[PDB]
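Asks: Can you read through this structure? Questions will come right after.
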Amino acid sequence: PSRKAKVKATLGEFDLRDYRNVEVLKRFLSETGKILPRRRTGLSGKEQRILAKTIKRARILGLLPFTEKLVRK
Amino acid sequence: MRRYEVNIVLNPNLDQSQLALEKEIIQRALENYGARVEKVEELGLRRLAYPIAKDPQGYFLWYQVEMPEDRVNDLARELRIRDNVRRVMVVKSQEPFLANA
Amino acid sequence: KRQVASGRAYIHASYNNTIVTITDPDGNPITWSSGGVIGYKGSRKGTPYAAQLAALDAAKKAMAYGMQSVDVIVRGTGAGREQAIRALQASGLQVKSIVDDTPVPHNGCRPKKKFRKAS
Amino acid sequence: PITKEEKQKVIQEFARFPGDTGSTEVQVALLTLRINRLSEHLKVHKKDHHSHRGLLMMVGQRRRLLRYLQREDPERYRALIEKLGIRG
RNA sequence: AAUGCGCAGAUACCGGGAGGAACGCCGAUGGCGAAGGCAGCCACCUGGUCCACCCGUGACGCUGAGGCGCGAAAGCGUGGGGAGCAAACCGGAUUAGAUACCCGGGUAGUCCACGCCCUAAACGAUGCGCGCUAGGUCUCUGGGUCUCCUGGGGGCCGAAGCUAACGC
Ligand SMILES: [Mg+2]
Ligand SMILES: [Mg+2]
Ligand SMILES: [Mg+2]
Ligand SMILES: [Mg+2]
Ligand SMILES: [Mg+2]
Ligand SMILES: [Mg+2]
Ligand SMILES: [Mg+2]
Ligand SMILES: [Mg+2]
Ligand SMILES: [Mg+2]
Ligand SMILES: [Mg+2]
Ligand SMILES: [Mg+2]
Ligand SMILES: [Mg+2]
Ligand SMILES: [Mg+2]
Ligand SMILES: [Mg+2]
Ligand SMILES: [Mg+2]
Ligand SMILES: [Mg+2]
Ligand SMILES: [Mg+2]
Ligand SMILES: [Mg+2]
Ligand SMILES: [Mg+2]
Ligand SMILES: [Mg+2]
Ligand SMILES: [Mg+2]
Ligand SMILES: [Mg+2]
Ligand SMILES: [Mg+2]
Ligand SMILES: [Mg+2]
Ligand SMILES: [Mg+2]
Ligand SMILES: [Mg+2]
Ligand SMILES: [Mg+2]
Numbered sequence: 016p017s018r019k020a021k022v023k024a025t026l027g028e029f030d031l032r033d034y035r036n037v038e039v040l041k042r043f044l045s046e047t048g049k050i051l052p053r054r055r056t057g058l059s060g061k062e063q064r065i066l067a068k069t070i071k072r073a074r075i076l077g078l079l080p081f082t083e084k085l086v087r088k
Numbered sequence: 001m002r003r004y005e006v007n008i009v010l011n012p013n014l015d016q017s018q019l020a021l022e023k024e025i026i027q028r029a030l031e032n033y034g035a036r037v038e039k040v041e042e043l044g045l046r047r048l049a050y051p052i053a054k055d056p057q058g059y060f061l062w063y064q065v066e067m068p069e070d071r072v073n074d075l076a077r078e079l080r081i082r083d084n085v086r087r088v089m090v091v092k093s094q095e096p097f098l099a100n101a
Numbered sequence: 011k012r013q014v015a016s017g018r019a020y021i022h023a024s025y026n027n028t029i030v031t032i033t034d035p036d037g038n039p040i041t042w043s044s045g046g047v048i049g050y051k052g053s054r055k056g057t058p059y060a061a062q063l064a065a066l067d068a069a070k071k072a073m074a075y076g077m078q079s080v081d082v083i084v085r086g087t088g089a090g091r092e093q094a095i096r097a098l099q100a101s102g103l104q105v106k107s108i109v110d111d112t113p114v115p116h117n118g119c120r121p122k123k124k125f126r127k128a129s
Numbered sequence: 002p003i004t005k006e007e008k009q010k011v012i013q014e015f016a017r018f019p020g021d022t023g024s025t026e027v028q029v030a031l032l033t034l035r036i037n038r039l040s041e042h043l044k045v046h047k048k049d050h051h052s053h054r055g056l057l058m059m060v061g062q063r064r065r066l067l068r069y070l071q072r073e074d075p076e077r078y079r080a081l082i083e084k085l086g087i088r089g
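Structure representation (structure tokens):
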């Protein structure tokens, strides 16, 4: 219950401080630009804190979205 | 002196002449502001997640430096003073906190 | 008599009414409709039945500009939201894709009292 | 800030014997280094009250090491202050 | 429902501009702070704190009348600003009545600077400091030989014990 595919798993040797690694960063947002919760990233209390700061920076550079558009309804 | 990472997003539209014109001013402004320049990668242009100044693209730049702290905000100002300079993001460097590696 | 074939449907959902605008691929309205346009008055415009007619009306009106294909863009929280889609689908008009585009602030403007209670 | 090296010259200038890093003087000297930065800071940023609390505590911790030092060896006492510039 | 706005073309939709305020997700079961209280990102300038080493000093400690400083919100002064919201107020409804709850407007204010004010369910309704007295467990953050040990912090259940009880 309340568990599918975890994101820390699908990847490997990444730098959580790299705010340019779009191809890696973007795995951590939902279909909308929204930053995924811990229960889906699979990051630890800390890793998540560092990634959120990283993603935020990468949004200002215009590499990651801030918000996107749901595509079913 | 501290080690910063200067991010500069350029107007993707400029032909060769106009481009390396901006670069010259970029590097000049560094020399004037006491920015000893370590490594540097011009990562070309990339497709932006949202448009910046009506362009869906942006030309990218990245300078790892070492420069006097007291002169960073005034250096970041001077870099932004131009038109074809869309974003400037001066971050201070960090040890790369690896994860799940 | 513009002739367009391909176009967009913006469903504007609300707890109070439903308004359906049809536009060209640039976004400029060909035609529109709503609960009030189908002669309803007060609370019944929010009613999803209304929303069904409101979409069907707006459809036919546009199906006479030779529309066939629509991208749907739902944009509201309200009742008669999905039913406005249901109507859009069952009007022969090919629905090429539905997108929710309800606008939401990154916490910005102080909302009306009615809409906050505990913030 | 106060860099490691900045801080060194203070400990050398004030240590009783070599490698002494915690004699009364070395501490009073160090705090004065600290107080003087901070008091120069709040001269500019006077709305920064949270820092200002640090300051009363430095002064506090300090004007107490001195109270003890003056109780133990006024020789060293009249010395430390003349050396610094406290009591003003 | 009605005030209200709309043929001086609104609502809905696309493009451009101005501005003011707040910072979605991450985000809480979390963190920081003496308290008030603190949440977009970057930089600068600063405060507190925690661990290891067991290096320095040698009781330099605790509390603290008065004093001094800080102190949500509302409120006050001068200047600025003013998107949204909104006491008073102006209307529409509701009612037996309606100085209300609901609806449409709306000034002060909410914002910024500087100077006041000094209050609170300013709450853990629990002064600060130090020592002692089973354990389990969840969590944040250090360290070491890292299945486990050892610190600091935040919860829960519980030994003895305490309590008018509740509970601790
Ligand atoms: Mg009229
Ligand atoms: Mg007319
Ligand atoms: Mg409008
Ligand atoms: Mg517009
Ligand atoms: Mg204006
Ligand atoms: Mg606390
Ligand atoms: Mg509180
Ligand atoms: Mg510090
Ligand atoms: Mg020793
Ligand atoms: Mg000795
Ligand atoms: Mg005290
Ligand atoms: Mg106050
Ligand atoms: Mg106030
Ligand atoms: Mg005022
Ligand atoms: Mg005023
Ligand atoms: Mg005015
Ligand atoms: Mg009102
Ligand atoms: Mg209003
Ligand atoms: Mg003030
Ligand atoms: Mg008082
Ligand atoms: Mg005790
Ligand atoms: Mg570990
Ligand atoms: Mg504990
Ligand atoms: Mg706490
Ligand atoms: Mg018992
Ligand atoms: Mg008792
Ligand atoms: Mg009992």
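Protein chains in written order, with the authors' numbering: chain R, 16 to 88; chain F, 1 to 101; chain K, 11 to 129; chain O, 2 to 89. Every residue, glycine too, gets a C-beta built ideally from N, C-alpha and C.
Does the separation of the CB atoms of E66 (chain F) and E38 (chain F) fall below 9 angstroms?
Replies: Your numbering for residue 66 (chain F) matches position 66 in the second sequence. Your numbering for residue 38 (chain F) matches position 38 in the second sequence. Yes, the pair counts as a contact, with Cβ atoms nearer than the cut-off.
Asks: Could you tell me if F18 (chain O) is buried or exposed, where buried requires 16 or more neighbouring beta carbons within 10 angstroms of its beta carbon?
Replies: Locating residue 18 (chain O) in the fourth sequence gives position 17, counting from the first residue. Result: exposed.
Asks: Taking a contact to mean a Cβ-Cβ separation below 9 angstroms, would you say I70 (chain R) touches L58 (chain R) in this structure?
Replies: Taking the first residue of the first sequence as 1, we reach residue 70 (chain R) at position 55. Taking the first residue of the first sequence as 1, we reach residue 58 (chain R) at position 43. No; because the gap between Cβ atoms is not below 9 angstroms, this pair is not in contact.
Asks: Whole angstroms is fine: what's the gap from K8 (chain O)'s alpha carbon to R120 (chain K)'s?
Replies: The residue given as residue 8 (chain O) occupies position 7 in the fourth sequence. The residue given as residue 120 (chain K) occupies position 110 in the third sequence. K8 (chain O) and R120 (chain K): Cα-Cα distance of roughly 50 angstroms.
Asks: Between which residues of its own chain and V40 (chain F) is the CB-CB distance below 6 angstroms, once the five residues before and five after are set aside?
Replies: Within the second sequence, the letter at position 40 stands for residue 40 (chain F). Cβ within range, chain order: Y63.
Asks: Answer yes or no: does any C-beta atom of chain K fall closer than 9 angstroms to that of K71 (chain R)?
Replies: Taking the first residue of the first sequence as 1, we reach residue 71 (chain R) at position 56. It does not: the Cβ of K71 (chain R) has no partner Cβ on chain K nearer than 9 angstroms.
Asks: Please give me, in chain order, every unbroken run of the alpha helix (DSSP H) with length at least 4 that falls completely inside the segment 58 to 97 of chain K.
Replies: Runs found: 58 to 73.
Asks: If you pair each beta-carbon of the segment 92 to 100 of chain F with each one of the segment 18 to 34 of chain K, do three or more pairs fall below 8 angstroms?
Replies: Not touching, per the Cβ criterion.
Asks: Taking CB distances under 9 angstroms as the criterion, tell me whether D111 (chain K) reaches chain R.
Replies: Position 101 of the third sequence, counted from the start, is the residue given in the question as residue 111 (chain K). So, interface residue.
Asks: Just to confirm my understanding: we take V72 (chain F), look at its own chain, exclude 5 residues before and 5 after, and list those with CB closer than 7 angstroms. What are they?
Replies: As a position in the second sequence, residue 72 (chain F) is number 72, starting the count at 1. Once the five neighbours on either side are set aside, the close Cβ partners of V72 (chain F) are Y4, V90.
Asks: Can you tell which of F:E42, F:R28, F:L79 has its C-alpha closest to the C-alpha of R36 (chain F)?
Replies: Start at 1 with the first residue of the second sequence, and residue 36 (chain F) comes out as number 36. Checking every option, the nearest Cα to that of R36 (chain F) belongs to F:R28.
Asks: Kindly identify the DSSP beta-bridge partner or partners of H22 (chain K).
Replies: Along the third sequence, read from residue 1 onward, the residue named residue 22 (chain K) stands at position 12. Partner(s): K:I29.
Asks: Note down, in chain order, every chain F residue with its Cβ under 7 angstroms from the Cβ of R32 (chain R).
Replies: Within the first sequence, residue 32 (chain R) is the residue found at index 17, counting from 1. Chain F residues near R32 (chain R): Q94, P96, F97.
Asks: Locate the beta strand (DSSP E) running through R86 (chain F), then write down its first and last residues.
Replies: To locate residue 86 (chain F), count along the second sequence from 1; it is residue 86. Where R86 (chain F) is concerned, the enclosing beta strand (DSSP E) stretches over 85 to 92.
Asks: Of all the CB atoms in chain R, is at least one closer than 9 angstroms to the CB of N13 (chain F)?
Replies: In the second sequence, counting from the first residue as 1, residue 13 (chain F) sits at position 13. Not one chain R Cβ lies under 9 angstroms of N13 (chain F).
Asks: With distances taken from CA atoms, which of K:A15, K:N38, K:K11, K:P58 is nearest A94 (chain K)?
Replies: Translated into positions along the third sequence, residue 94 (chain K) becomes position 84. For the residues K:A15, K:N38, K:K11, K:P58, the minimum Cα distance to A94 (chain K) belongs to K:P58.
Asks: If we ignore side chains and look at the alpha-carbon of each, how far apart do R87 (chain F) and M1 (chain F) end up?
Replies: If you number the second sequence from 1, residue 87 (chain F) lands on position 87. If you number the second sequence from 1, residue 1 (chain F) lands on position 1. Distance between the alpha carbons of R87 (chain F) and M1 (chain F): 24 angstroms.
Asks: Going along the chain, which unbroken runs of the beta strand (DSSP E) with 3 or more residues stay wholly within the segment 6 to 77 of chain F?
Replies: Taking only runs of at least 3 residues, the beta strand (DSSP E) segments lying wholly in the segment 6 to 77 of chain F are 36 to 40, 44 to 52, 55 to 60, 62 to 66.
Asks: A99 (chain F) bridges to which residues according to DSSP?
Replies: Here residue 99 (chain F) corresponds to residue number 99 of the second sequence, with the count starting at 1. DSSP output for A99 (chain F) lists R:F29 as bridge partner(s).
Asks: If you follow the alpha helix (DSSP H) that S43 (chain K) is part of, which residue opens it and which one closes it?
Replies: For the purposes of this step, residue 43 (chain K) is taken as the residue at position 33 of the third sequence. No alpha helix (DSSP H) contains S43 (chain K), which is instead part of the beta strand (DSSP E) from 39 to 44.
Asks: Residues of chain F with CB closer than 7 angstroms to the CB of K68 (chain R), please, in chain order.
Replies: As a first step, residue 68 (chain R) is located in the first sequence; it is residue number 53 there, counting from the start. Residues of chain F passing the Cβ test: none, with the nearest at roughly 11 angstroms.
Asks: Determine the DSSP secondary structure at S16 (chain K), reduced to helix, strand or coil.
Replies: Reading the third sequence from its first residue, position 6 is the one you call residue 16 (chain K). Strand.
Asks: Can at least three beta-carbon pairs, one atom from the segment 65 to 77 of chain K and one from the segment 37 to 44 of chain K, be found at a separation below 8 angstroms?
Replies: Counting Cβ pairs under 8 angstroms, three or more are found: they touch.
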